[PDB]
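**Student:** model this:
(2 chains, ligands or ions: 7)
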Amino acid sequence: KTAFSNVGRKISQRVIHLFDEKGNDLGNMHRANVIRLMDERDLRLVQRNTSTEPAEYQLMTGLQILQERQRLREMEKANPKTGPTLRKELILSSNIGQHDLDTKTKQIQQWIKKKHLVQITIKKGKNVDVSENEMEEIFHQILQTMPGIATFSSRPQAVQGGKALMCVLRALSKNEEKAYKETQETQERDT
RNA sequence: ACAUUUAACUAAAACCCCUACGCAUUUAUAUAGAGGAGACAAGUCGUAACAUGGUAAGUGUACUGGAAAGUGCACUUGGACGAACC
Ligand SMILES: [K+]
Ligand SMILES: [K+]
Ligand SMILES: [K+]
Ligand SMILES: [Mg+2]
Ligand SMILES: [Mg+2]
Ligand SMILES: [Mg+2]
Ligand SMILES: [Mg+2]
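**Tutor:** Residues are numbered from 1 along each chain as shown, chains lettered A, B, ... in the order given. Ligands and ions are numbered 1, 2, ... in the order given. Structure data below:
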């Protein structure tokens, strides 16, 4: 996390693009001169933008820093930003028992409702001879319990030297969800 | 409920009742279906226990969880704390 607080007296860069407490642009100056300004006016230094090639810092009072920090949290409370998608992994065996496959199927369903990406890998069972067409059937068994909830983000694909398959499931988008409801309703009208 | 009659110059005859047992009661067997334990064995998912077993273990109780189990509170040592001062 990047907090909006006083940077302190030790500045990271040597050349600093400084601004005034009222927003007036003071141009670039050496950090030694900035510390002198902070002491002469009794102000604190905050970092407004870092993407710019010349580091942009601004002088502010303790009251301004509070007002900005309050403004930012209200912007998020009102317009909360979405977080990055978390990737969950599962490694199954070809000869996985049905009771255990049901346990992991219920777990995959809970990850999809939370809008996660589920990477499912299927390896050849121990002391078992299996074909890639039979291992690929487990994916459809898993995804069949989630008719209009999940779909393939990355279809089954041999990996690890052809020993194991791998796919990535995701939650259906809102447009894809309304389409499923539409197609389902059409079948209801036909039947 | 039933109630002793005849007979008696030797003495004898006569006497014969009706109500219970059931859709009651006792115990057991059979049978739809639902569970438990054990044996055989060691597939499947984990790795709970045994070493400070990788969060010391356990008891009671409560709640919770695919599964061993997890967690709270009190209790136990059937754990330990390295055994002069440093
Ligand atoms: K334990
Ligand atoms: K122990
Ligand atoms: K207990
Ligand atoms: Mg263990
Ligand atoms: Mg332990
Ligand atoms: Mg305990
Ligand atoms: Mg818990």
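**Student:** I figured residue A:31 hits residue A:8, correct?
**Tutor:** No. Residue A:31 is beyond contact range of residue A:8, at 11.3 Å (criterion: C-beta atoms under 8 Å). No exception for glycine: its C-beta is placed from N, CA and C like everyone else's.
**Student:** Comparing the two, which shows the higher neighbour count?
**Tutor:** Taking other C-beta atoms under 10 Å, residue A:31 and residue A:8 do not tie; residue A:31 has more neighbours (19 against 10).
**Student:** How about the contacts made by that one?
**Tutor:** The neighbours of residue A:31, taking C-beta atoms under 8 Å, 6 or more residues apart in numbering as the test, are A:11, A:13-16.
**Student:** Close to RNA strand B: what parts of chain A are there?
**Tutor:** Within chain A, the positions adjacent to RNA strand B are A:91-93, A:95-97, A:99-100, A:103, A:125-127 by C-beta under 7 Å from any atom of the strand.
**Student:** what's the nearest residue to residue A:52 if we skip its chain neighbours?
**Tutor:** residue A:17 (7.1 Å; C-beta to C-beta, 6 or more residues apart in numbering).
**Student:** which phi and psi does that neighbour have?
**Tutor:** Main-chain dihedrals, residue A:17, degrees, to the nearest 10: phi -90, psi 110.
**Student:** gap between it and residue A:184?
**Tutor:** 58 Å (C-beta to C-beta, to the nearest Å).
**Student:** Please work out which residue of chain A is closest to RNA strand B.
**Tutor:** In chain A, the residue that lies nearest RNA strand B is residue A:97 (3.0 Å; C-beta to the nearest atom of the strand).
**Student:** quick one on the thing from earlier: quick check, nearest of the residues of chain A next to RNA strand B to residue A:165?
**Tutor:** Checking the residues of chain A next to RNA strand B against residue A:165 by C-beta to C-beta gives residue A:92 as the nearest, at 9.6 Å.
**Student:** Would you state the helices of chain A in chain order?
**Tutor:** Taking DSSP state H, the helices of chain A run over residues A:31-41, A:62-78, A:98-113, A:132-144, A:174-190.
**Student:** And the contacts of the third one?
**Tutor:** Think helix A:98-113. By C-beta under 8 Å, 6+ apart, the list of residues contacting helix A:98-113 reads A:88, A:90, A:92, A:96, A:118, A:120, A:138, A:141-142, A:145-146, A:149-150, A:169-171.
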